[PDB]
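Q: Need the 3D shape of this:
(chains A and B)
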Amino acid sequence: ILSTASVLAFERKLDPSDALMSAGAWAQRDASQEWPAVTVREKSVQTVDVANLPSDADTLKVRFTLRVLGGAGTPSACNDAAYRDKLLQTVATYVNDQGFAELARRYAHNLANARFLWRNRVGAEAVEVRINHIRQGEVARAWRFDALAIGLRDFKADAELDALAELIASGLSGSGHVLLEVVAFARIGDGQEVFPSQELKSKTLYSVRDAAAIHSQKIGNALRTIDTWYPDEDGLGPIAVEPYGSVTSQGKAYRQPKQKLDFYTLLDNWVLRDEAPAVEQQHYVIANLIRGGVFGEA
Amino acid sequence: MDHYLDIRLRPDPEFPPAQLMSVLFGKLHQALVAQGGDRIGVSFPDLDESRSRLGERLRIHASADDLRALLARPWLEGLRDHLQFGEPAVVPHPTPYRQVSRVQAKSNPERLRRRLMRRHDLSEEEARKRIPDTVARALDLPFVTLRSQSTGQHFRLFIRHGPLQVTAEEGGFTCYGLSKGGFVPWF
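A: Numbers count the residues shown, from 1 in each chain, chains lettered A, B, ... in the order given. Dropping the coordinates below:
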């Protein structure tokens, strides 16, 4: 009969860190290891928390590390043994037909364009992203991208992006340990306002140790904006991979369960009754499994 | 002017239209300071007076060479993937005309109290009796929120599109694309 499992917990692949934002001047980004951190200072309007650059600094360096784990289809908790075997066989036939190649191409694109710079990117003058593959601590392979040449909407092929996608592919397929140190510089201007993540005196900003930062889940949600296979009206670009793939800013949920394009009905058709969907929809299902979560009833 | 360029916001998952509208207006203001002159004005075609909404279009009005200069300048760098451009094209005819002027208000009575202290050497109680709290004016106008580069304040710039007139008169514009006398064709 093979009903779905009553519990499924998938662990989060693509683990990011909290994105530490520091500050400095442009054209000395190659010496940006002792840059002073952007501090969250309080000011009176009520009182709010604001975060600005220094008045002699026109570059925001956001730095975080991203760990690509691999073993995507394997759940961390599952009741039904036969369902776990069927889902592992399903993901195995997925990886056998096509590796993590389109998914890692889109993840490498979302690392390449500095989409993890959320509001610090829409008014920037020139954005440069450097991505270092760290093996044994020093470096293994250095990348450098013009994040404004690489658009947020178009996933265009590139010679270096193919290499970063192959690295994230070798990470997601479990054939190697992948740890990426992702720095990103943003010409905002002298003393312009940066936008770290916002905590819960009305507005509190996120800081780790007297240094402003974006949450790790915000960087992870910026990395997951690869879903281009939803029913696309209105000319909206890629959205973040979610079950019933929804945008809270627009207030609209695409991939509604009325249509057969949400995560849950696609996974139940693919695993239980062997109705394998299109290559794009199964890319979406495997992107959800990389995203992780609690997929199961009560 | 006779040429116009329509700049529409693409819908974004991560940003509301008002935020991108404010950022586009700010980079436009910096572009007009970088260009100079009083010959360039703006308009908002999908404005909603009922909900006080600016819509998602900005229509800039200038000469053709000014628009083609503003297409290739770095004021749109970083905004090109949030926006989609039309072409600099000639305004259709006939069209009514209206003014696009910034409407400021006395929304801070305490600031006017400090101004009366600075200009008349009065006290706090003299200023508070001379200026009560009821002079504050809240506006039913759509607005964009900009941050200044000279001073460190963030301010809501409220906009009112004036009444429709059948013809245009001579007048210049500020460095925000707003009417200091000038009129834009409304269509």
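
Q: Residue A:87 is in contact with residue A:75, correct?
A: Yes - counting by CB atoms under 8 Å, residue A:75 does reach residue A:87; the two are 7.3 Å apart. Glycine gets a C-beta too; all of them are placed from N, C-alpha and C.

Q: okay, these two: which has more neighbours?
A: Each of residue A:75 and residue A:87 has its neighbours counted (other CB atoms under 10 Å in any protein chain shown); residue A:87 has more, 24 against 20.

Q: Do I have it right that the more buried one meets residue A:72?
A: No - if you go by CB under 8 Å, residue A:87 and residue A:72 don't touch, sitting 11.1 Å apart.

Q: Need the three-state assignment for residue B:33.
A: Under DSSP: H, G, I helix; E, B strand; the rest coil, residue B:33 falls in the helix class.

Q: Let me see the contact set for the residue nearest to it when sequence neighbours are not counted.
A: Distances taken as CB to CB, 6 or more residues apart in numbering or on different chains place residue B:175 nearest to residue B:33, at 4.9 Å, with adjacent residues excluded. Shown here is residue B:175, whose contacts under the criterion CB atoms under 8 Å, 6 or more residues apart in numbering or on different chains are B:29, B:32-33, B:36.

Q: Just the buried subset of those residues, please.
A: B:29, B:32 (16 or more other CB atoms under 10 Å in any protein chain shown).

Q: Return the member of the contacts of residue B:175 nearest to chain A.
A: residue B:29 (11.9 Å; CB to the nearest CB).

Q: End to end on stretch B:177-184, go ahead and measure it.
A: Length of stretch B:177-184, first residue to last, CA to CA, to the nearest Å: 10 Å.

Q: With distance to residue A:150 added, can I get the contacts of residue B:175 in JSON lines?
A: Shown next, in JSON lines, are the contacts of residue B:175 (distance: CB to CB, whole Å):
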{"residue": "B:29", "distance to residue A:150": "28"}
{"residue": "B:32", "distance to residue A:150": "29"}
{"residue": "B:33", "distance to residue A:150": "29"}
{"residue": "B:36", "distance to residue A:150": "33"}
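
Q: Pick the one among the contacts of residue B:175 closest to residue B:107.
A: residue B:29 (21.2 Å; CB to CB).

Q: which residues touch the strand or helix carrying the closest one?
A: Assigned by DSSP states H and E, residue B:29 belongs to helix B:17-35. With CB under 8 Å, 6+ apart as the test, helix B:17-35 has contacts from A:119, A:122-123, B:7, B:9, B:11-12, B:40, B:42, B:54-56, B:58, B:60, B:66, B:69-70, B:73, B:75-76, B:79, B:82-83, B:144-147, B:157, B:174-177.

Q: Just to be sure, which of those are found in strands?
A: Using DSSP state E, B:7, B:9, B:42, B:58, B:60, B:83, B:144-147, B:157 are the members of these that sit in strands.

Q: restrict those residues to contacts with chain A.
A: When contact is defined as CB under 8 Å from any CB of the partner chain, the ones in strands among the contacts of helix B:17-35 meet chain A at residue B:147.

Q: Check the ones in strands among the contacts of helix B:17-35 for burial and list the buried ones.
A: Using 16+ other CB under 10 Å as the burial test, the ones in strands among the contacts of helix B:17-35 include B:7, B:9, B:42, B:58, B:60, B:144, B:146, B:157 as buried.

Q: Look up phi and psi at the nearest residue to residue A:247 once chain neighbours are set aside.
A: Closest residue to residue A:247 apart from its sequence neighbours, by CB to CB, 6+ apart: residue B:13 at 4.5 Å. Phi and psi for residue B:13, reported as degrees, to the nearest 10, are phi -70, psi -30.

Q: residues contacting residue B:13?
A: A:225, A:236-240, A:247, A:249-250.

Q: quick one: contacts for the spatially closest residue to residue A:295 that is not a sequence neighbour?
A: Sequence neighbours aside, residue A:8 is the residue nearest to residue A:295 in space, at 4.4 Å (criterion: CB to CB, 6+ apart). Listed by CB under 8 Å, 6+ apart, the contact partners of residue A:8 are A:75, A:77-78, A:294-296.

Q: swap the cut-off to 10 Å and go again
A: A:75-80, A:83-84, A:87, A:267, A:289, A:293-297 (CB atoms under 10 Å, 6 or more residues apart in numbering or on different chains).

Q: beta partners for it?
A: Residue A:8 has the following beta-bridge partners by DSSP bridges: residue A:78.

Q: Could you give me the buried positions within stretch B:105-113?
A: For stretch B:105-113, by 16+ other CB under 10 Å, it's B:109, B:112-113.

Q: now those residues as CSV including distance to residue A:68 and secondary structure?
A: Converted to CSV, the buried residues of stretch B:105-113 look like this (distance: CB to CB, whole Å; DSSP: H, G, I helix; E, B strand; the rest coil):
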residue, distance to residue A:68, secondary structure
B:109, 57, helix
B:112, 58, helix
B:113, 59, helix
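
Q: of those residues, closest to residue A:97?
A: Taking the buried residues of stretch B:105-113 together and measuring to residue A:97 by CB to CB, the closest member is residue B:109, at 69.7 Å.

Q: That closest one touches residue B:133, doesn't it?
A: Yes - using CB atoms under 10 Å, residue B:109 is in contact with residue B:133, at 5.7 Å.
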